[PDB]
Every structure is written in structure tokens, then in C-alpha cells.
file structure05.txt (compact mmCIF, C-alpha atoms and all ligand atoms)
# COMPACT_ATOMS: atom_id res chain seq x y z
CA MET A 1 -25.60 4.22 -14.69
CA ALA A 2 -22.76 6.13 -13.08
CA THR A 3 -24.05 8.52 -10.42
CA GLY A 4 -21.84 8.84 -8.72
CA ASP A 5 -20.57 8.69 -5.46
CA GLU A 6 -18.06 6.72 -3.42
CA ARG A 7 -20.59 4.42 -1.74
CA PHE A 8 -22.56 3.64 -4.91
CA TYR A 9 -19.38 2.71 -6.79
CA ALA A 10 -17.92 0.69 -3.91
CA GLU A 11 -21.12 -1.06 -2.80
CA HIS A 12 -23.06 -1.47 -6.06
CA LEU A 13 -21.53 -0.44 -9.41
CA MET A 14 -18.07 -2.06 -9.09
CA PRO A 15 -19.21 -5.37 -7.52
CA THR A 16 -21.78 -5.66 -10.36
CA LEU A 17 -19.19 -4.80 -13.04
CA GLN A 18 -16.77 -7.38 -11.57
CA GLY A 19 -19.53 -10.01 -11.48
CA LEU A 20 -20.10 -9.46 -15.22
CA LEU A 21 -16.54 -9.00 -16.52
CA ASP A 22 -13.22 -10.74 -15.97
CA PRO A 23 -10.43 -8.37 -14.80
CA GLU A 24 -8.74 -7.92 -18.20
CA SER A 25 -12.08 -7.21 -19.96
CA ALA A 26 -12.88 -4.73 -17.18
CA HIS A 27 -9.42 -3.20 -17.66
CA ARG A 28 -9.99 -2.76 -21.41
CA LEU A 29 -13.42 -1.20 -20.71
CA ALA A 30 -12.06 1.11 -18.00
CA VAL A 31 -9.35 2.33 -20.41
CA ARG A 32 -11.95 2.89 -23.16
CA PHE A 33 -14.36 4.76 -20.85
CA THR A 34 -11.57 6.85 -19.32
CA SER A 35 -10.21 7.79 -22.78
CA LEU A 36 -13.68 9.01 -23.79
CA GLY A 37 -13.99 10.97 -20.52
CA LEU A 38 -17.08 8.96 -19.50
CA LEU A 39 -16.50 9.36 -15.78
CA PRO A 40 -18.36 10.40 -12.63
CA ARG A 41 -17.81 14.04 -11.63
CA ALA A 42 -14.53 14.54 -9.78
CA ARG A 43 -16.09 16.86 -7.19
CA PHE A 44 -12.92 17.33 -5.11
CA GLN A 45 -11.11 20.67 -5.47
CA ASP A 46 -7.35 20.36 -4.90
CA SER A 47 -6.10 22.69 -2.16
CA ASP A 48 -2.67 24.31 -1.86
CA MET A 49 -1.97 21.81 0.98
CA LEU A 50 -1.75 18.98 -1.57
CA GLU A 51 0.69 20.73 -3.92
CA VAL A 52 4.18 19.20 -4.15
CA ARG A 53 7.29 20.51 -5.88
CA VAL A 54 9.64 17.68 -6.80
CA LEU A 55 11.47 16.17 -9.81
CA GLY A 56 11.71 19.66 -11.31
CA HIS A 57 7.91 19.94 -11.48
CA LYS A 58 4.82 21.16 -9.67
CA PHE A 59 2.26 18.48 -8.82
CA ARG A 60 -1.24 19.85 -8.11
CA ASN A 61 -1.78 16.84 -5.84
CA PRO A 62 0.47 13.94 -4.80
CA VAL A 63 -1.84 11.12 -5.99
CA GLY A 64 -0.93 9.50 -9.32
CA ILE A 65 -2.11 6.58 -11.40
CA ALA A 66 0.50 3.82 -11.31
CA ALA A 67 1.99 2.27 -14.45
CA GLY A 68 0.13 -0.67 -15.98
CA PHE A 69 -3.32 0.87 -16.04
CA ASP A 70 -2.63 2.94 -19.14
CA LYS A 71 0.13 0.83 -20.70
CA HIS A 72 -0.13 2.43 -24.17
CA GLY A 73 -0.85 6.13 -23.36
CA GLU A 74 -4.49 5.91 -24.45
CA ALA A 75 -6.33 7.51 -21.50
CA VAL A 76 -3.96 10.17 -20.15
CA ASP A 77 -6.43 13.07 -20.38
CA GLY A 78 -9.29 11.04 -18.87
CA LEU A 79 -6.99 10.11 -15.99
CA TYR A 80 -6.35 13.79 -15.16
CA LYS A 81 -10.15 14.30 -15.30
CA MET A 82 -10.42 11.50 -12.72
CA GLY A 83 -8.44 13.78 -10.37
CA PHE A 84 -4.94 12.26 -10.51
CA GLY A 85 -2.18 14.82 -9.87
CA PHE A 86 0.05 12.98 -12.32
CA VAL A 87 -0.19 10.15 -14.82
CA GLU A 88 2.33 7.42 -15.48
CA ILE A 89 1.92 5.43 -18.69
CA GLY A 90 3.60 2.14 -19.61
CA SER A 91 5.45 -0.03 -19.32
CA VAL A 92 6.28 0.50 -22.99
CA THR A 93 8.63 -1.90 -24.81
CA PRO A 94 10.74 -0.97 -27.89
CA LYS A 95 8.86 -3.30 -30.27
CA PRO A 96 5.18 -4.22 -30.00
CA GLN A 97 4.58 -7.49 -28.12
CA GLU A 98 1.47 -9.41 -27.06
CA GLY A 99 2.43 -10.36 -23.49
CA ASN A 100 1.40 -13.66 -21.86
CA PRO A 101 -1.55 -15.81 -22.94
CA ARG A 102 -4.94 -15.18 -21.27
CA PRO A 103 -6.13 -15.40 -18.56
CA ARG A 104 -3.27 -13.31 -17.15
CA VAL A 105 -5.02 -11.19 -14.49
CA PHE A 106 -6.79 -12.54 -11.41
CA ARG A 107 -8.87 -10.92 -8.70
CA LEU A 108 -8.48 -11.81 -5.03
CA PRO A 109 -11.68 -10.08 -3.74
CA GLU A 110 -11.32 -11.40 -0.17
CA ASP A 111 -7.83 -9.86 0.01
CA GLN A 112 -8.59 -6.63 -1.85
CA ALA A 113 -5.76 -7.79 -4.10
CA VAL A 114 -4.94 -8.63 -7.71
CA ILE A 115 -2.40 -10.96 -9.26
CA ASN A 116 -1.26 -10.15 -12.78
CA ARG A 117 1.13 -11.69 -15.27
CA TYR A 118 0.47 -9.45 -18.29
CA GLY A 119 4.09 -9.86 -19.39
CA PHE A 120 4.64 -6.37 -20.84
CA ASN A 121 1.87 -6.35 -23.44
CA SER A 122 2.78 -3.19 -25.33
CA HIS A 123 1.87 -1.27 -28.47
CA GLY A 124 5.59 -0.41 -28.64
CA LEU A 125 7.55 2.84 -28.66
CA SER A 126 6.53 3.98 -32.16
CA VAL A 127 2.76 3.76 -31.59
CA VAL A 128 3.00 5.33 -28.13
CA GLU A 129 5.29 8.09 -29.47
CA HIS A 130 2.77 9.13 -32.12
CA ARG A 131 -0.09 8.90 -29.62
CA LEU A 132 1.78 11.22 -27.23
CA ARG A 133 2.90 13.56 -30.03
CA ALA A 134 -0.77 14.10 -30.97
CA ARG A 135 -1.30 15.81 -27.59
CA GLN A 136 2.27 17.01 -26.85
CA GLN A 137 1.38 20.72 -26.55
CA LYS A 138 -1.71 19.89 -24.53
CA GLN A 139 0.56 17.94 -22.15
CA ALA A 140 3.00 20.87 -21.99
CA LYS A 141 0.13 23.07 -20.75
CA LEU A 142 -1.06 20.38 -18.31
CA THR A 143 2.48 20.02 -16.92
CA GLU A 144 2.76 23.83 -16.60
CA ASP A 145 -0.54 23.69 -14.69
CA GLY A 146 0.82 21.09 -12.23
CA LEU A 147 -0.23 17.86 -13.97
CA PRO A 148 2.98 16.07 -15.08
CA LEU A 149 3.32 12.94 -17.23
CA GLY A 150 5.55 9.95 -16.51
CA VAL A 151 6.57 7.28 -18.98
CA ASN A 152 7.55 3.83 -17.72
CA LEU A 153 10.01 1.96 -19.99
CA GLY A 154 10.24 -1.79 -20.39
CA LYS A 155 12.26 -4.18 -22.49
CA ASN A 156 11.17 -6.80 -25.02
CA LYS A 157 10.96 -10.46 -23.95
CA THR A 158 13.38 -11.56 -26.71
CA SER A 159 15.87 -8.63 -26.58
CA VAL A 160 19.56 -9.60 -26.37
CA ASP A 161 20.59 -6.20 -24.96
CA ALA A 162 18.45 -4.92 -22.06
CA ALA A 163 20.35 -1.63 -21.68
CA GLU A 164 19.80 -0.83 -25.37
CA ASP A 165 16.05 -1.46 -24.99
CA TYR A 166 15.93 1.15 -22.23
CA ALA A 167 18.21 3.53 -24.16
CA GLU A 168 15.81 3.37 -27.13
CA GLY A 169 12.91 4.19 -24.80
CA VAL A 170 14.79 7.21 -23.44
CA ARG A 171 15.54 8.52 -26.93
CA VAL A 172 12.02 7.97 -28.27
CA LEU A 173 9.73 8.76 -25.31
CA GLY A 174 12.10 10.83 -23.15
CA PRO A 175 11.33 14.00 -25.18
CA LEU A 176 7.62 13.49 -24.45
CA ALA A 177 7.93 12.83 -20.70
CA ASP A 178 8.33 14.87 -17.53
CA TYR A 179 9.91 11.81 -15.98
CA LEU A 180 11.00 8.39 -17.19
CA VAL A 181 10.91 5.17 -15.19
CA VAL A 182 13.44 2.42 -15.67
CA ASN A 183 11.37 -0.57 -14.73
CA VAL A 184 13.80 -3.13 -13.55
CA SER A 185 11.16 -4.69 -11.28
CA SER A 186 8.55 -6.73 -13.14
CA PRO A 187 7.67 -10.17 -11.79
CA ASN A 188 6.69 -11.12 -15.27
CA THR A 189 9.69 -10.96 -17.60
CA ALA A 190 12.43 -13.51 -17.01
CA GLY A 191 15.74 -11.95 -15.99
CA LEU A 192 14.30 -8.48 -15.44
CA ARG A 193 14.82 -8.05 -11.69
CA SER A 194 18.44 -9.20 -12.02
CA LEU A 195 18.99 -5.77 -13.61
CA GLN A 196 18.70 -4.65 -9.95
CA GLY A 197 22.11 -5.91 -8.69
CA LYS A 198 25.15 -3.68 -8.58
CA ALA A 199 27.81 -3.52 -11.34
CA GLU A 200 25.21 -4.41 -13.99
CA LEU A 201 22.70 -1.87 -12.59
CA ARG A 202 25.44 0.79 -12.60
CA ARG A 203 26.21 -0.09 -16.25
CA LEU A 204 22.52 0.03 -17.22
CA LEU A 205 21.78 3.33 -15.47
CA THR A 206 24.96 5.04 -16.73
CA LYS A 207 23.78 4.25 -20.27
CA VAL A 208 20.24 5.45 -19.51
CA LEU A 209 21.45 8.71 -17.93
CA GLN A 210 23.87 9.40 -20.78
CA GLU A 211 21.01 9.01 -23.29
CA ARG A 212 18.83 11.31 -21.18
CA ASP A 213 21.61 13.92 -20.87
CA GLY A 214 21.91 13.93 -24.68
CA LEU A 215 18.33 15.23 -25.09
CA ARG A 216 17.67 18.97 -25.58
CA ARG A 217 17.02 20.80 -22.30
CA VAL A 218 13.28 21.34 -22.93
CA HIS A 219 12.94 17.60 -23.67
CA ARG A 220 15.13 16.28 -20.85
CA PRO A 221 13.11 14.26 -18.30
CA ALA A 222 13.94 13.18 -14.76
CA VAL A 223 14.97 9.50 -14.58
CA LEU A 224 13.59 7.23 -11.86
CA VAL A 225 14.18 3.57 -11.04
CA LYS A 226 11.19 1.48 -10.06
CA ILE A 227 12.10 -1.29 -7.65
CA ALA A 228 10.57 -4.54 -6.39
CA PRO A 229 9.31 -5.04 -2.81
CA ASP A 230 11.18 -8.38 -2.84
CA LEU A 231 14.77 -7.13 -2.69
CA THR A 232 17.30 -8.40 -0.17
CA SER A 233 18.86 -5.87 2.23
CA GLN A 234 22.02 -6.19 0.12
CA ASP A 235 20.10 -5.34 -3.10
CA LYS A 236 18.59 -2.27 -1.44
CA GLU A 237 22.00 -1.09 -0.15
CA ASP A 238 23.42 -1.55 -3.66
CA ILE A 239 20.58 0.33 -5.36
CA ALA A 240 20.85 3.24 -2.90
CA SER A 241 24.61 3.39 -3.54
CA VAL A 242 24.28 3.42 -7.37
CA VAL A 243 21.39 5.91 -7.21
CA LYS A 244 23.56 8.35 -5.23
CA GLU A 245 26.74 7.70 -7.25
CA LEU A 246 24.97 8.37 -10.57
CA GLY A 247 22.55 11.09 -9.47
CA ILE A 248 19.40 9.16 -10.37
CA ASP A 249 16.52 11.61 -9.90
CA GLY A 250 14.16 9.40 -7.90
CA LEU A 251 12.81 6.00 -6.95
CA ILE A 252 9.43 4.39 -7.42
CA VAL A 253 8.77 2.04 -4.54
CA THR A 254 7.32 -0.49 -5.20
CA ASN A 255 6.28 -2.74 -8.05
CA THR A 256 4.13 -5.83 -7.32
CA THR A 257 5.37 -8.70 -5.13
CA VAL A 258 6.17 -12.32 -6.03
CA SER A 259 5.72 -13.11 -2.36
CA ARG A 260 2.46 -14.58 -1.12
CA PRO A 261 2.12 -13.32 2.45
CA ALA A 262 0.46 -15.70 4.91
CA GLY A 263 -3.24 -14.94 5.24
CA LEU A 264 -4.26 -14.59 1.59
CA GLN A 265 -7.79 -15.96 1.18
CA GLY A 266 -8.53 -15.56 -2.54
CA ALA A 267 -8.95 -18.88 -4.36
CA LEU A 268 -6.46 -17.62 -6.97
CA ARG A 269 -3.68 -16.79 -4.43
CA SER A 270 -1.32 -19.35 -5.99
CA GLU A 271 -1.47 -18.00 -9.55
CA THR A 272 1.87 -16.93 -10.97
CA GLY A 273 2.38 -13.17 -11.12
CA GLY A 274 2.85 -9.97 -9.17
CA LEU A 275 0.53 -9.42 -6.23
CA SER A 276 -0.86 -5.90 -5.72
CA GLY A 277 -3.34 -4.19 -3.36
CA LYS A 278 -3.77 -4.40 0.41
CA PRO A 279 -1.44 -7.40 1.11
CA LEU A 280 1.36 -5.42 -0.59
CA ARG A 281 0.68 -2.19 1.31
CA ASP A 282 2.95 -2.42 4.36
CA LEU A 283 5.73 -4.27 2.52
CA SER A 284 5.83 -1.25 0.11
CA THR A 285 5.71 1.27 2.95
CA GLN A 286 8.59 -0.48 4.74
CA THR A 287 10.61 -0.50 1.48
CA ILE A 288 9.97 3.27 1.14
CA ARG A 289 11.16 3.71 4.71
CA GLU A 290 14.37 1.74 4.05
CA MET A 291 15.15 3.48 0.74
CA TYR A 292 14.54 6.96 2.20
CA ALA A 293 16.98 6.24 5.05
CA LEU A 294 19.57 4.65 2.73
CA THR A 295 19.47 7.75 0.50
CA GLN A 296 19.43 10.19 3.47
CA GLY A 297 16.09 11.67 2.39
CA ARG A 298 17.84 13.31 -0.60
CA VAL A 299 16.28 11.18 -3.35
CA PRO A 300 12.56 11.75 -4.19
CA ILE A 301 10.45 8.61 -3.76
CA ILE A 302 7.14 7.85 -5.42
CA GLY A 303 5.36 5.50 -3.01
CA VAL A 304 3.09 2.82 -4.45
CA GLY A 305 1.55 -0.42 -3.20
CA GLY A 306 -1.87 -0.90 -1.64
CA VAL A 307 -2.93 2.75 -1.35
CA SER A 308 -6.73 3.04 -1.07
CA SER A 309 -7.18 5.72 1.58
CA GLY A 310 -5.79 8.97 2.95
CA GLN A 311 -4.18 7.04 5.81
CA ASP A 312 -2.41 4.68 3.35
CA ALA A 313 -1.16 7.70 1.38
CA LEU A 314 0.02 9.60 4.47
CA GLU A 315 1.80 6.54 5.90
CA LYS A 316 3.88 6.33 2.71
CA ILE A 317 4.49 10.09 2.73
CA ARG A 318 5.59 10.03 6.40
CA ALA A 319 7.81 7.02 5.56
CA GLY A 320 9.56 9.12 2.89
CA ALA A 321 7.43 9.34 -0.27
CA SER A 322 7.07 12.75 -1.92
CA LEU A 323 4.25 11.43 -4.12
CA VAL A 324 2.08 8.31 -4.14
CA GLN A 325 0.45 6.18 -6.83
CA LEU A 326 -2.37 3.68 -6.82
CA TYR A 327 -3.77 1.16 -9.25
CA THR A 328 -5.47 -1.77 -7.48
CA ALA A 329 -7.76 0.44 -5.34
CA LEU A 330 -9.30 1.81 -8.56
CA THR A 331 -10.21 -1.74 -9.69
CA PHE A 332 -12.29 -2.32 -6.52
CA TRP A 333 -13.65 1.15 -5.72
CA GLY A 334 -13.79 2.84 -9.15
CA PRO A 335 -12.96 6.49 -10.03
CA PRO A 336 -14.35 8.04 -6.79
CA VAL A 337 -11.47 6.47 -4.83
CA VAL A 338 -9.20 9.24 -6.19
CA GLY A 339 -11.16 12.07 -4.53
CA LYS A 340 -11.63 9.90 -1.42
CA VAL A 341 -7.85 9.49 -0.97
CA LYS A 342 -7.21 13.20 -1.58
CA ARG A 343 -9.99 14.34 0.78
CA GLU A 344 -8.88 11.95 3.55
CA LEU A 345 -5.24 12.94 3.05
CA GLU A 346 -6.00 16.65 3.40
CA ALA A 347 -8.02 15.98 6.59
CA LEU A 348 -5.30 13.79 8.14
CA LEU A 349 -2.61 16.37 7.32
CA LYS A 350 -4.54 19.05 9.22
CA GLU A 351 -5.32 16.67 12.10
CA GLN A 352 -1.62 15.82 12.47
CA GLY A 353 -0.53 19.46 12.36
CA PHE A 354 1.09 19.46 8.91
CA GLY A 355 0.96 22.69 6.90
CA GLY A 356 0.92 20.61 3.72
CA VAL A 357 2.10 17.39 2.08
CA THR A 358 5.68 18.71 1.82
CA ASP A 359 5.90 19.09 5.60
CA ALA A 360 4.90 15.44 6.11
CA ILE A 361 7.46 13.91 3.72
CA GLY A 362 9.73 11.64 5.77
CA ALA A 363 8.20 12.89 9.06
CA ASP A 364 8.48 9.41 10.68
CA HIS A 365 12.27 9.61 10.34
CA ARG A 366 12.38 12.82 12.39
CA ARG A 367 10.37 11.40 15.34
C1 LIG A 401 -2.71 -5.21 -13.83
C2 LIG A 401 -1.37 -4.65 -13.42
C3 LIG A 401 -0.46 -4.29 -14.42
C4 LIG A 401 0.71 -3.59 -14.09
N1 LIG A 401 1.62 -3.23 -15.06
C5 LIG A 401 2.76 -2.52 -14.73
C6 LIG A 401 3.68 -2.15 -15.71
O1 LIG A 401 3.42 -2.29 -16.90
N2 LIG A 401 4.83 -1.45 -15.36
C7 LIG A 401 5.07 -1.12 -14.04
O2 LIG A 401 6.10 -0.50 -13.72
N3 LIG A 401 4.17 -1.49 -13.07
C8 LIG A 401 3.02 -2.19 -13.41
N4 LIG A 401 2.12 -2.55 -12.42
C9 LIG A 401 2.50 -2.31 -10.99
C10 LIG A 401 1.82 -1.04 -10.46
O3 LIG A 401 2.30 0.09 -11.16
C11 LIG A 401 2.09 -0.87 -8.96
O4 LIG A 401 3.48 -0.73 -8.76
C12 LIG A 401 1.58 -2.05 -8.12
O5 LIG A 401 0.37 -2.54 -8.66
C13 LIG A 401 1.33 -1.68 -6.66
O6 LIG A 401 0.36 -0.67 -6.59
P1 LIG A 401 -1.17 -0.97 -6.22
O7 LIG A 401 -1.24 -1.89 -5.02
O8 LIG A 401 -1.83 0.34 -5.90
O9 LIG A 401 -1.85 -1.62 -7.40
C14 LIG A 401 0.96 -3.24 -12.76
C15 LIG A 401 0.04 -3.60 -11.77
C16 LIG A 401 -1.12 -4.30 -12.09
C17 LIG A 401 -2.15 -4.45 -11.00
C1 LIG A 402 -6.39 -5.46 -14.10
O1 LIG A 402 -6.78 -4.11 -14.42
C2 LIG A 402 -8.05 -3.67 -14.11
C3 LIG A 402 -8.43 -2.35 -14.43
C4 LIG A 402 -9.76 -1.85 -14.13
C5 LIG A 402 -10.71 -2.71 -13.49
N1 LIG A 402 -12.05 -2.25 -13.17
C6 LIG A 402 -12.55 -0.93 -13.45
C7 LIG A 402 -11.72 0.35 -13.16
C8 LIG A 402 -12.29 1.62 -13.48
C9 LIG A 402 -13.61 1.70 -14.05
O2 LIG A 402 -14.10 2.97 -14.41
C10 LIG A 402 -15.46 3.37 -14.42
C11 LIG A 402 -16.41 3.01 -13.41
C12 LIG A 402 -17.77 3.45 -13.49
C13 LIG A 402 -18.19 4.25 -14.59
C14 LIG A 402 -17.25 4.61 -15.60
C15 LIG A 402 -15.88 4.18 -15.52
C16 LIG A 402 -14.36 0.49 -14.30
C17 LIG A 402 -13.84 -0.80 -14.01
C18 LIG A 402 -10.32 -4.07 -13.15
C19 LIG A 402 -11.25 -5.04 -12.47
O3 LIG A 402 -12.46 -4.81 -12.49
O4 LIG A 402 -10.80 -6.12 -11.86
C20 LIG A 402 -9.00 -4.52 -13.47
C1 LIG A 403 -17.02 1.57 -17.13
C2 LIG A 403 -18.15 0.71 -16.65
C3 LIG A 403 -19.47 1.44 -16.78
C4 LIG A 403 -19.75 2.22 -15.52
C5 LIG A 403 -20.84 3.25 -15.68
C6 LIG A 403 -20.31 4.37 -16.52
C7 LIG A 403 -20.34 5.68 -15.79
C8 LIG A 403 -20.64 6.79 -16.78
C9 LIG A 403 -20.34 8.14 -16.20
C10 LIG A 403 -21.56 9.01 -16.30
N1 LIG A 403 -21.16 10.30 -16.83
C11 LIG A 403 -20.21 10.03 -17.90
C12 LIG A 403 -22.26 11.09 -17.36
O1 LIG A 403 -20.70 10.97 -15.92
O1 LIG A 404 3.22 -6.33 -17.58
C1 LIG A 404 3.34 -6.94 -16.49
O2 LIG A 404 3.16 -8.17 -16.40
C2 LIG A 404 3.78 -6.25 -15.24
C3 LIG A 404 4.85 -5.37 -15.25
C4 LIG A 404 5.23 -4.79 -14.04
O3 LIG A 404 6.19 -3.99 -14.02
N1 LIG A 404 4.57 -5.10 -12.91
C5 LIG A 404 3.54 -5.97 -12.94
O4 LIG A 404 2.93 -6.26 -11.90
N2 LIG A 404 3.15 -6.54 -14.09
call {"tool": "encode", "arguments": {"input": "structure05.txt", "output": "C-alpha cells"}}
result
Amino acid sequence: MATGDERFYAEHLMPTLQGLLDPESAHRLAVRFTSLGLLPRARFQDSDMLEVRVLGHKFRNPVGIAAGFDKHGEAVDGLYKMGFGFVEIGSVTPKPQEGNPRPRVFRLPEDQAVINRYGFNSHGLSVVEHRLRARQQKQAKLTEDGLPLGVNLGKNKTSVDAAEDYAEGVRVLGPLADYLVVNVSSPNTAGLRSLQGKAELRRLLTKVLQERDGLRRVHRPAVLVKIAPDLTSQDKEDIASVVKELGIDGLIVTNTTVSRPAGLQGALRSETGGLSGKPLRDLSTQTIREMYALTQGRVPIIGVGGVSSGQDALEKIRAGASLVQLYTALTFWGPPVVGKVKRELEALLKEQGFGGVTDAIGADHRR
């Protein structure tokens, strides 16, 4: 069934799977299989070249699974087995909520893209907290061994107080996380991205950071802000300013886009939702570049958006990312894409005269 092998997955297994299952069903199955550890052998051995020290942690490799794949913290261990250097779970909302009605995920095969409007379907903080607690010491050892865990926090659709939603997330899941993500960037919850402008963003993040600072040292995560690729130059300037003013630990750049770039071919291109995958790639990379420059290279960036190769990863790294994430590439190429990206990244680093990933971070800005 599953042997096992970049070409077999890309050319045969995944196309067949996608012919049989709609994207959300495939997503549910992928989560189930991953949680059981039913995966092809991750042959790739991580070299010292790929190791990154950032956010107060060691990362065995700079390739993570983006938020949204494991929304409820169900497959964390299987994701490490897949070869990810770090795992981000979420977004998690304070209370459980169902998200949007189905269908709410759409493939754009011709574009190597996906559009989703899940709408923060979440088991909620309490369920995710107990799920994480069940493996807390296991995670502590994984983190020690260079495999950190991120938790992405959302807010409920019907919440009257957005900042309090995030504050609850910090208090409940913060003690279980190496880093937290304040997701102010979903396409798919009304109002949400408006948390990205200035005086209100400052208010929100001050509250978040205060809650984080009130956790015991051993349970005190880094706090990152995940931003949209659709921000105005003014928005980006404002975010960079608040980030530096408040001492936000890092940025995740970017979420999905509500733009529909010219050239999309998929029949479903005009579905409502965030677009991910290849058509997002360079928009994300350019946002990384801008944010790195606006923060003077002093604020760690996790680069995400259309990464499916070593070149994609390195471009983001050279643009200013210390780490990268992918999601959409996994949906088309399956688990072997993780080793592929890592292998290609290591080769490109050597070819371009970099001693390791760390040496390449922001290299474009020094040209
Ligand atoms: C199906 C789907 C669900 C997602 N859910 C979340 C989410 O819950 N929280 C979040 O911060 N990002 C979410 N994302 C955005 C991804 O984390 C990532 O930022 C974006 O997809 C770009 O990366 P990619 O092109 O590699 O997929 C989701 C993306 C997709 C494809
Ligand atoms: C919207 O969110 C997703 C998530 C996973 C997907 N697919 C997928 C990802 C990993 C898989 O993992 C495997 C592959 C082969 C053997 C065992 C597990 C399988 C399907 C898809 C899709 O098919 O469109 C969509
Ligand atoms: C998730 C869709 C099914 C794809 C085929 C499953 C691959 C099983 C992996 C094989 N094995 C677990 C032994 O390595
Ligand atoms: O749950 C979702 O709809 C969602 C959240 C998010 O942050 N990004 C995204 O593309 N979808």
C-alpha cells in the first residue's frame, strides 16, 4: 500500500487517494493514520547543518508542520515520525466549535493549491489540554532532543472579547507549549484580521504577554504573532513597531491569502476561503523579506506559504526565516515530501557555500 518513496507517493498513491476522497475526508484520514504512526519510513537522517537555535530552543531541523493540519493535537508524535523538526497544533479556540458547514475545503490541482474555509473547527482548550497533558513528559523529552511543540491559539466565532479568548489560551495551553501563536490572520472568522491594526493590536498583545509572563518559568512559552499575506504596507509597519515595542518573540509569516492571483486555473478558484500552496509562495516570501527588514533581523520569523522543495525553503530562509513550515505540499505529495525538502535544503546549503541553516538566515539582505 505505502512503499514508499517520493515518486510513488507523488505519481501514484496521492493522486489515487485524492480521486477517491474529498479533501476534508482525506484530512481526517491523514490525521488518523499519522496518529497511529502508519507512515512510510522517514529515511532521511538530520545533519548538524539543519540544526537551528531560536526561540529559546534547539530545532533538529528547520522544517515544521504548519497549523491547521493537526488542529486538535491528535497526531503530534506521528508528525515527528514523519520527520518534521517541530510541530504546531491548532488553531485551538476556548470553547469547542464546529466551524463552517461542509464542503469547506477545496483542491485546486492545476495550481498545486488549496482553498479552505474551515472556520476554526476546534475541540476546544479543555480537550486539547488533556490530550497534551497525557504526553507532557514525552514532549518535554522531545523538546530537549530538539523537537519543539507550538500551539496556535484562536478565538470563538461568538466571543465578545477577543483578547480574553487569547488570554484563556495562554493560561490553559501556554504551560504545555514551547511557543504560542496568536493567530490574528485567519481569512475565515469575521473581524479576526482587524486585530492586526495598531492600538488594538498593542492592547491585545500586551494582555497576551502579561498572561504569558505570569506562568512559571518552566511553563513559559515564546509568543509569536501569525500574520496574513494580505496586509497593507501600513499594517506591516504597525505590526513591526508593536512587535519591537512589546518584545514579541517572533512572527509566523504567512497565513493563507484572500487574494486570488491572476493565473489560477482550478475550477474552484472562486470559492470563499484562504488560498494556500504554490500561488501563495512568493507573496509569503516577500512578506518575510519585508518583516525581516522592518524588524532589523532581530525578530525570529517562521516562514510558511507554498513550501514544497529545498529551494522554496531556502528562499524563505535567505529572505529572513529562521524556520519554515509547510502544509499544502503534504496534501499533494504525501509524507515523503518532508525528507525531500530537508534533503534538497541540505544540498542547496552546501552548493551555496553555507555552513548551515543559521548562516543562510537573512542572507539576501546582506547581498
Ligand atoms: C486546510 C487548512 C487549514 C488551516 N488551518 C489553520 C489554522 O487553524 N490556524 C492557522 O494559523 N493556520 C491555518 N492554516 C494555514 C497554514 O498554517 C499555512 O499558514 C498556510 O496554509 C500556508 O502554508 P502552505 O502553503 O504550506 O499550506 C490552514 C491551512 C489549510 C490549508
Ligand atoms: C485539507 O487538508 C488535507 C490534509 C491531508 C490531505 N491528504 C493526505 C495527507 C497525508 C496523507 O498521509 C499518508 C499517505 C500515504 C500513506 C499513509 C499516510 C494522506 C493524505 C488532503 C488532500 O488530500 O487534499 C487535505
Ligand atoms: C493514508 C492513506 C493510505 C495510504 C497508504 C498507507 C501507508 C501505510 C504505511 C505503511 N507502513 C505503515 C508499514 O509503513
Ligand atoms: O480554520 C480556518 O478556517 C483557518 C484558519 C487559519 O488561520 N487559516 C486558514 O487558512 N484557515
call {"tool": "closest_residue", "arguments": {"input": "structure05.txt", "among": "A:30, A:105, A:54, A:349", "to": "residue A:75", "atoms": "only C-alpha atoms"}}
result
A:30
call {"tool": "residues_near_ligand", "arguments": {"input": "structure05.txt", "ligand": "ligand LIG 403 (chain A)", "cutoff": "7 Å", "atoms": "all atoms listed in the file", "output": "MDAnalysis selection string"}}
result
chainID A and resid 1:3 13 17 29:30 33 37:41
call {"tool": "residues_near_ligand", "arguments": {"input": "structure05.txt", "ligand": "ligand LIG 404 (chain A)", "cutoff": "9 Å", "atoms": "all atoms listed in the file", "output": "PyMOL selection string"}}
result
chain A and resi 67-68+71+90-91+99-100+104-105+115-122+152+154+183-189+226+228+255-257+273-276
call {"tool": "residues_around", "arguments": {"input": "structure05.txt", "residues": "residue A:262", "least_positions_apart": "4", "cutoff": "12 Å", "atoms": "only C-alpha atoms", "output": "mmCIF file with C-alpha atoms, in the frame of the given file"}}
result
data_model
loop_
_atom_site.group_PDB
_atom_site.id
_atom_site.type_symbol
_atom_site.label_atom_id
_atom_site.label_comp_id
_atom_site.auth_asym_id
_atom_site.auth_seq_id
_atom_site.Cartn_x
_atom_site.Cartn_y
_atom_site.Cartn_z
ATOM 1 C CA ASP A 111 -7.830 -9.860 0.010
ATOM 2 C CA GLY A 266 -8.530 -15.560 -2.540
ATOM 3 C CA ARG A 269 -3.680 -16.790 -4.430
ATOM 4 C CA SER A 270 -1.320 -19.350 -5.990
ATOM 5 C CA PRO A 279 -1.440 -7.400 1.110
ATOM 6 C CA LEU A 280 1.360 -5.420 -0.590
#
call {"tool": "closest_residue", "arguments": {"input": "structure05.txt", "among": "A:165, A:194, A:58, A:34", "to": "residue A:142", "atoms": "all atoms listed in the file"}}
result
A:58
